[PDB]
């Protein structure tokens, strides 16, 4: 089976019951948290009610959809995970609790989104964690007579992140697949001084791209059939220094007030509305495979229909396992989700 993946989180505003699970093969419920006292996977009080109903609810619209409990994410305390991974006892309590929790709530898989291990030692310990997690998953399957839980991880676009190599052999051996975060390459909260496509498939300038990411993972020894390409249903708004200069790499002054206060982010649906209301000029750039729009001193990078279609065709043609979307609520009336699914076509 190929992967048509989608991430959801409660604070996205999309009701659990309104996720169109017909457009996906796998849905990721984000995020479960690490209790640093117990070194166990838990679900926060705020997430409890929805997470407990996640699987049964989404299966009402599509009984064949499979679900993952996603772990950690961008807002998690990385040092807590480093501590957990440091010792066999804390790895075991984490592993055992994750398996129990997945089974209890009906999840068919666990997805580790540790963003990111802080040192080379942490990366090594992640490798060890995955070795032990796989063994425990296989053992639980053998003892219960049930099909094994799936185990995946969301990882950076490149297997080298913040100057640190992932434990690529362990990832390749132990995971059913990796979810490649082929987005957030650039953003006004970290690269404020020029515009850029945050998710470009190609990059002849600096080779910071989804295709270059895929290639780096392949070169690192991870098989093509264990790669799932991330596609963003959101973008970022920069403030242009000069409204007349509005291409890629245009001088900028950080985040635009049309985007989120913290990072300038905007869901795809918000961007689409903005384009209509502002009469923004839109550009599909065929070289990079990415979209942007501009109006006055506002400039926004995102993926629209043509980009999504082209990315999906590209990874299908290259024999990757599939794609996933971060995140489903960002779509405009399921437009990009449907484009992606129908472009891929038959899911096996």
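Positions refer to the first chain, counted from 1.
Quiz item: When the C-alpha temperature factors are averaged for each of 144-152 and 197-205, which stretch ends up with the higher value in the entry?
Solution: In the deposited entry, the stretch with the higher C-alpha B-factor mean is 144-152.
Quiz item: Can you tell me which stretch has the higher mean Cα B-factor, 255-263 or 188-196?
Solution: Mean B over CA atoms: larger for 255-263.
Exercise. Please pick out which of 282, 48, 307, 67 has the largest Cα B-factor as recorded in the entry.
Key: The record points to 48.
Practice problem: Compare the CA B factors listed in the entry for 25, 17, 339, 332 and report the winner. | Solution: Highest CA B-factor of the listed options: 17.
Practice problem: Could you tell me which third, lowest, middle or highest, the C-alpha B-factor of residue 75 occupies within its chain? | Solution: Its C-alpha B-factor belongs to the highest third of this chain's values.
Exercise. Relative to the other modelled residues of the same chain, rank the CA B-factor of residue 320 and answer lowest, middle or highest third.
Key: For residue 320, the deposited C-alpha B-factor lands in the middle third.
Exercise. Give the position of residue 164 by CA B-factor within its chain, expressed as the lowest, middle or highest third.
Key: Answer is highest: the recorded C-alpha B-factor places it there.
Quiz item: Is the Cα B-factor recorded for residue 116 in the lowest, middle or highest third of its chain?
Solution: For residue 116, the deposited C-alpha B-factor lands in the middle third.
Quiz prompt | Chain-relative CA temperature factor third for residue 268 | solution = Residue 268: CA B-factor falls in the lowest third of its chain.
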